[PDB]
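A.B. asks: This one's experimental. Sequence and coordinates below.
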Amino acid sequence: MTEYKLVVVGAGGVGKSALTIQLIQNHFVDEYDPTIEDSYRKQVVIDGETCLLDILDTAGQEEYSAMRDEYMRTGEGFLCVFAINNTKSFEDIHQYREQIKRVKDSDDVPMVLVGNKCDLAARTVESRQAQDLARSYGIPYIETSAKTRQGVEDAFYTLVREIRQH
Ligand SMILES: Nc1nc2c(ncn2[C@@H]2O[C@H](COP(=O)(O)OP(=O)(O)NP(=O)(O)O)[C@@H](O)[C@H]2O)c(=O)[nH]1
Ligand SMILES: [Ca+2]
Ligand SMILES: [Mg+2]
Ligand SMILES: [Mg+2]
Ligand SMILES: [Mg+2]
């Protein structure tokens, strides 16, 4: 069956693991355990196609980010995640996109910009700001909450739909 290799990247603490775990395991991880490099695999039907998602959950903490580029290298599509209550994580997106372009040696990599923790009210990144960033990259912006599940399936499936357009 069709396999899609997805890679989730972004600053430490933005909720990359919580998003992936909500998608794959249907629960919310409340605690914060920094990730090194974890992978998840699940068979799902997306738009009538049975496919296998291989999701690489990467480190956002600089300390844990050792061979991250070697992992990212294999990815077919990337979720670039920031948190809507973490302005620095949004500003950091530029450098993740540059890293993706570097590891794929392409200016045209399937990507979706994700603004996570949308269940929280300490918003410092407004939707329009993120929409504009994504527009400049030619990719979709989607807000999510790993806590409530809002947008979670949408984000990951939209990434599959972007890979399919390339
Ligand atoms: N309220 C809320 N909290 C969230 C959300 N997503 C993640 N969190 C919380 O944010 C903290 C960090 O989440 P985590 O998924 O571990 O972040 P990460 O990006 O994978 N961190 P790292 O890069 O170090 O591996 C956790 O305490 C988690 O519960 C969300 O959508 N809403
Ligand atoms: Ca929990
Ligand atoms: Mg993590
Ligand atoms: Mg390269
Ligand atoms: Mg502002």
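C.D. replies: Ah, there it is. Residues are numbered from 1 along each chain as shown. Ligands and ions are numbered 1, 2, ... in the order given.
A.B. asks: Residue 14 and residue 59 touch, don't they?
C.D. replies: No. The criterion here is CB atoms under 8 Å, and residue 14 misses it with residue 59 at 11.7 Å. C-beta: built from backbone N, CA, C; applies to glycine.
A.B. asks: The two: who's more crowded?
C.D. replies: Between residue 14 and residue 59, counted using other CB atoms under 10 Å, residue 14 has the larger neighbour count: 28 against 21.
A.B. asks: Where does that one sit: helix, strand or coil?
C.D. replies: coil (DSSP: H, G, I helix; E, B strand; the rest coil).
A.B. asks: could you measure it against residue 116, distance?
C.D. replies: Counting by CB to CB, to the nearest Å, the separation of residue 14 from residue 116 is 6 Å.
A.B. asks: How about the residue most central in space within the chain, nearest residue that isn't a chain neighbour?
C.D. replies: A centroid search over the chain (CA atoms, centre = their mean) returns residue 79, at 2.5 Å, as the residue closest to the centre. The spatial neighbour of residue 79 that comes closest, neighbours along the chain excluded (CB to CB, 6 or more residues apart in numbering), is residue 8 at 4.6 Å.
A.B. asks: isn't there a strand covering the one you found?
C.D. replies: Yes. Counting by three-state DSSP, residue 8 is part of a strand.
A.B. asks: Please list all residues in contact with it.
C.D. replies: Residue 8 makes contact with 16, 19-20, 55-58, 78-79, 81, according to CB atoms under 8 Å, 6 or more residues apart in numbering.
A.B. asks: Equivalent analysis for residue 43, please.
C.D. replies: By CB under 8 Å, 6+ apart, the contact list for residue 43 reads 1, 50-53.
A.B. asks: By neighbour count, which of those residues wins?
C.D. replies: In terms of neighbours by other CB under 10 Å, these top out with residue 53 at 22 neighbours.
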